[PDB]
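In: When you get a sec, could you give me coordinates for this:
(one chain, ligands or ions: 7)
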Amino acid sequence: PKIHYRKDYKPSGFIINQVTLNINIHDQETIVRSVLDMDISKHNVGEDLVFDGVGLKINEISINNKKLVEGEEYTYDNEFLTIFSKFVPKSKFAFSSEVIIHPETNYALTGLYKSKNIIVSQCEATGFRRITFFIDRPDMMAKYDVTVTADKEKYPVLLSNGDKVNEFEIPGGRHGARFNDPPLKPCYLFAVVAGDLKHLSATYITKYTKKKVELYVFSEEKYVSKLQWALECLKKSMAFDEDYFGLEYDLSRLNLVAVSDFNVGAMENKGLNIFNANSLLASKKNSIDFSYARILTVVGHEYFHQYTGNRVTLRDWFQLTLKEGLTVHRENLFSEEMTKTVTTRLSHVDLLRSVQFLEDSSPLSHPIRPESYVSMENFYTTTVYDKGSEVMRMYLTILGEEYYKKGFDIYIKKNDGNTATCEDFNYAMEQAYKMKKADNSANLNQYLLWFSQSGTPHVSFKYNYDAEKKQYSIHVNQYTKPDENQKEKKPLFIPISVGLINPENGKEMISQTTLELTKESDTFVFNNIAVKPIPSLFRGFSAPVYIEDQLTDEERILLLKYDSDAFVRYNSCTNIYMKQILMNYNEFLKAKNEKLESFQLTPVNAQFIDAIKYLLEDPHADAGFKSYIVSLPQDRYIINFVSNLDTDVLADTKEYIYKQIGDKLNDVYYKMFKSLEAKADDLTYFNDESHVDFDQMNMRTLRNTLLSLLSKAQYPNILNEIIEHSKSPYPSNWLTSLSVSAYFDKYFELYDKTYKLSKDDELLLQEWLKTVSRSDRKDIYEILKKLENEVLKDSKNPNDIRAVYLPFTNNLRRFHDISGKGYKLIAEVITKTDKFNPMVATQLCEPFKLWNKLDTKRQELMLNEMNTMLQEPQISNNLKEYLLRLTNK
Ligand SMILES: CC(C)(O)C(=O)N[C@@H](C(=O)NO)c1ccc(-c2cc(F)c(F)c(F)c2)cc1
Ligand SMILES: [Mg+2]
Ligand SMILES: [Mg+2]
Ligand SMILES: [Mg+2]
Ligand SMILES: [Mg+2]
Ligand SMILES: [Mg+2]
Ligand SMILES: [Zn+2]
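Out: Numbers count the residues shown, from 1 in each chain. Ligands and ions are numbered 1, 2, ... in the order given. Sure, the structure comes next:
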């Protein structure tokens, strides 16, 4: 297995200037003819001409219209086409080929494939070589002239990149369309779509050049009524890039296409963005509330790539975070501005500190710019995306909005139309840094360590107040644990957004301040501080670190009630919960280990419970924020703080804490559940697919969170409310009614009721599957077998497989059954899926990422299943390399 190394980058000895394709789709095969107009580069040293080409059936290959002969002049091993150098011209030449591929049976969903009745491509990262021969790497920029032909009745809509410059009829009921795309692009941005697509369209007029842009959103005919929100989101995305960054769309048309079978969320092919249907299609009758934020962020994300990824592209794949981290950051700015809810930023932090922090303390830990790879299909990680986004966001925190925008424009103007590297972005930010500091000696050299250093920094604090001097000191320390990528970890440039809260009146004591920690430790002193403050640390979550605030629970309660920053309030609550969890966990663990017949548990802090009540009863407080404060931290956040975590003991710990708080607040919860109904479930705009109210959706989140707490608590007669909830028109509500009925004898009645409501919409049925999968049922293993036999069957749709199994793996008590039967079940699914879709098989490995953090018995059980999977003779390259890294083999 070849290992590619970042330091080994070298430009190709060849140039591809023009790609001319004819893609002829037939019933049993697709014929791809390609002419490459090529040249010899200045780096050429007379090497063989080697093309990437995977799984291609060669009809012929030619150079300058002379047919080449296998064996004497070229070899092909189903991976690399080698033309021996004595037959390679020494000046401009044409290479041509005709190959046969088979999209109908391409169940790995890479290259050219068939999703239901739509022919569709997915070429990032190295999938273009599955369509035709190429030097398949993003620095090989070329012009593209693409003709597609197909049966007209089956495939009336034909799409590719660029302008449609001809449409024509063909004998035998066929037709063709020619697309010319003159701007240079890398081959991973090529795309083609053919199908019986229906659409919605609009015209957007750009802000400055006043150019008309045609916007088209496409789906199969059955779901065309679910396209309107995506179209609205596209218009919003275009306006945000104009308003915040001054950036306008450059092309005459932008197409968005939904397909049912897709490995990820969506893909930014130039002018032809292709989406998992679950990230483009929604309607209020057939989608849960989460769909609306998902579509907004994914449409936005693919649109923002037109600059950060498409117009400025990548020199090589080790620069992936340059487009993905930066585009996620742009997506998050956009989403925060559109939703106008503090929970948007909180949701991103919550994902980072659970899923990404787990990755970064796992054997899979890597920097956002790795040093090596074997499989590109495994490279697309929450580290590269979400830690990358936080590294991109930290520049905005350091520079402020005005100077950030200045540096960003420098990046765009200098690199537009070219490949780029992470250093090009740091350089642009550094220019803005020198301007902000008014110091041409200032630099961001240390900042580059965010790209090369793996692991999560730990930042800890000590404080001093001198009441006579009115002098306050914050002593800060940073530490990153050594790992397999760096034995010695260097201090990073850590920006710490801080406030100082006056504990007597809750007011700010200083102006906005961002401490620049550049050493292993530093002391920040503040004069004229009239009273001892409570510090508000890492406001907005200003660096991707473990925060150790060294605050008392009394101080954290004051921040939770009175601080101005949503994250610090949320984090103070998180930290209070974590202290309680660790304490009760150890108490339960000791009672288990010592086989005690009686023992004590330390109760939940009464003043903390009072503060939760205070915030819940505040009419002016935010409903989304309220739903966070009544929820314990995620299990995958908790596990970063416990060695040899016994999942049963943790489940007992959470159960005790939830019961402690509910024993005091359940009447409050019930009162709010009833009083929130009017606004949360208001039907005024139910039939307006353009009207989306994120505050109202957060009210439903709060109601459904409270109903869950009350149902688990067996609150008197709460089953009455569950049954009435099941009659709500909103799928978020009636699906919640299914999950919370798990604790009652009506569960299977609601199972059948909600199945009937879901089964005729493909995406709604997948949401139903997820709801069943995560149901807190003692008979969940029997229920999953029922799902397999009656609904899932042998579907190869990744959305179906992921819906049935991934939510269940988050069932702390049942997935981690001490028998190991949950580990066995998911391992069987991974191996089955690996036969046809290695990338999705590796996604299904997610539960195993924490294997070496569990108690020694569960470590052994997980390791056995992972070694069993590794022994499968037919294991894919993707899955083998992933499990070898994960098991430290
Ligand atoms: C899940 C998330 C982050 O929401 C998302 O959808 N991310 C997008 C994105 O980055 N869009 O811009 C994306 C697009 C394509 C791939 C990909 C697909 C393949 F078939 C490959 F073989 C491969 F190597 C990579 C991976 C992620
Ligand atoms: Mg083949
Ligand atoms: Mg505008
Ligand atoms: Mg996102
Ligand atoms: Mg289906
Ligand atoms: Mg290792
Ligand atoms: Zn992306």
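In: So which bits of the protein are right by ligand 1?
Out: Along the chain, the residues adjacent to ligand 1 under the rule Cβ under 6 Å from any ligand atom are 110, 122, 124-125, 127, 263-268, 301-302, 305, 324, 376-377, 380, 385, 839. All C-beta atoms are positioned from the backbone trio N, CA, C, and that covers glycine.
In: In the stretch 101-250 of the chain, which residue sits closest to ligand 6?
Out: residue 125 (23.5 Å; Cβ to the ion).
In: Could you find the closest non-adjacent residue to that residue?
Out: Nearest non-adjacent residue to residue 125, counting by Cβ to Cβ, 6 or more residues apart in numbering: residue 376, 4.1 Å away.
In: Counting neighbours, what do you get for the residue in the chain that ligand 1 sits nearest to?
Out: For the chain and ligand 1, the shortest gap (Cβ to the nearest ligand atom) falls at residue 265, measuring 2.7 Å. By other Cβ atoms under 10 Å, 16 other residues sit near residue 265.
In: tell me the contacts of it?
Out: Contacts were defined as Cβ atoms under 8 Å, 6 or more residues apart in numbering; by that measure residue 265 touches 275-276, 279, 294, 298, 301.
In: Turn the residues you listed into CSV, columns for distance to residue 410, secondary structure and neighbour count.
Out: Putting the contacts of residue 265 into CSV (distance: Cβ to Cβ, whole Å; DSSP: H, G, I helix; E, B strand; the rest coil; neighbours: other Cβ atoms under 10 Å) gives the following:
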residue, distance to residue 410, secondary structure, neighbour count
275, 32, strand, 25
276, 35, strand, 23
279, 32, helix, 23
294, 33, helix, 18
298, 28, helix, 23
301, 23, helix, 26
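In: can you list the domain ranges for this protein.
Out: 1-195, 317-452, 458-550 (automatic domain parsing).
In: out of everything not next to it in sequence, what's closest to the residue of the stretch 651-800 of the chain found nearest ligand 7?
Out: Of the stretch 651-800 of the chain, the residue with the smallest distance to ligand 7, taken as Cβ to the ion, is residue 798 at 17.7 Å. Excluding its sequence neighbours, the residue lying closest to residue 798 (Cβ to Cβ, 6+ apart) is residue 840, at 4.6 Å.
In: was I right about the one you found contacting residue 800?
Out: No. In this structure residue 840 lies outside contact range of residue 800 using Cβ atoms under 8 Å: 10.6 Å.
In: Between these two, which has more neighbouring residues?
Out: With neighbours defined as other Cβ under 10 Å, residue 840 and residue 800 compare such that residue 840 has more, 24 against 21.
In: Off-centre distance for stretch 240-255?
Out: Here the centre of mass of C-alpha atoms in stretch 240-255, compared against the chain's by Cα atoms, centre = their mean, to the nearest Å, lies 23 Å away.
In: Please apply the same query to stretch 782-790.
Out: Taking the mean C-alpha point of stretch 782-790 and that of its whole chain, the gap between them comes to 29 Å (Cα atoms, centre = their mean).
In: in that stretch, what's buried?
Out: 783-784, 787-788 (16 or more other Cβ atoms under 10 Å).
In: closest point of the stretch 101-250 of the chain to ligand 7, which residue?
Out: Relative to ligand 7, the nearest point of the stretch 101-250 of the chain is residue 124 (8.7 Å; Cβ to the ion).
In: Could you check how many residues crowd around that residue?
Out: Here the neighbour count serves as a burial measure; for residue 124 (other Cβ under 10 Å) it reads 24.
In: Next one: residue 122 from residue 593, what distance?
Out: For residue 122, the distance to residue 593 equals 51 Å [Cβ to Cβ, to the nearest Å].
In: These two: which is more packed in?
Out: Higher neighbour count among residue 122 and residue 593: residue 122, with 27 against 10, using other Cβ under 10 Å.
In: Excluding covalently adjacent residues, which one is nearest to the more buried one?
Out: Closest residue to residue 122 apart from its sequence neighbours, by Cβ to Cβ, 6+ apart: residue 110 at 5.5 Å.
In: okay, now the one you found: neighbour count?
Out: Taking other Cβ under 10 Å as the neighbour definition, residue 110 ends up with a count of 24.
In: before we move on, what about residue 141?
Out: When neighbours are defined as other Cβ under 10 Å, residue 141 has 18 of them.
In: residue contacts, it?
Out: 184-186, 313, 419.
In: Same check on residue 43?
Out: By Cβ under 8 Å, 6+ apart, residue 43 lies in contact with 10-13.
In: redo that, cut-off 10 Å
Out: The neighbours of residue 43, taking Cβ atoms under 10 Å, 6 or more residues apart in numbering as the test, are 10-15.
In: which two from these end up farthest apart in space?
Out: Among the contacts of residue 43, the pair separated by the greatest distance (Cβ to Cβ) is 10 and 15, at 14.3 Å.
In: Now residue 236: which helix or strand?
Out: Taking DSSP states H and E as the criterion, the element that holds residue 236 is helix 228-245.
In: hey, C-alpha coordinates of that helix in PDB?
Out: The C-alpha coordinates for helix 228-245 follow below in PDB (Å, rounded to 0.1, in the frame of the first residue of the first chain):
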ATOM      1  CA  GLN A 228     -38.300  25.600  -2.500                       C
ATOM      2  CA  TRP A 229     -36.300  26.000   0.800                       C
ATOM      3  CA  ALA A 230     -33.100  25.100  -1.000                       C
ATOM      4  CA  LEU A 231     -33.700  27.700  -3.600                       C
ATOM      5  CA  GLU A 232     -34.200  30.300  -0.900                       C
ATOM      6  CA  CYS A 233     -31.100  29.100   0.900                       C
ATOM      7  CA  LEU A 234     -29.100  29.500  -2.300                       C
ATOM      8  CA  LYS A 235     -30.200  33.100  -2.700                       C
ATOM      9  CA  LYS A 236     -29.300  33.800   0.900                       C
ATOM     10  CA  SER A 237     -25.900  32.300   0.400                       C
ATOM     11  CA  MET A 238     -25.200  34.400  -2.600                       C
ATOM     12  CA  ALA A 239     -26.200  37.600  -0.800                       C
ATOM     13  CA  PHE A 240     -24.100  36.800   2.300                       C
ATOM     14  CA  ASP A 241     -20.900  36.300   0.200                       C
ATOM     15  CA  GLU A 242     -21.700  39.600  -1.400                       C
ATOM     16  CA  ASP A 243     -22.500  41.500   1.800                       C
ATOM     17  CA  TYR A 244     -19.800  40.100   4.200                       C
ATOM     18  CA  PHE A 245     -17.000  39.300   1.700                       C
END
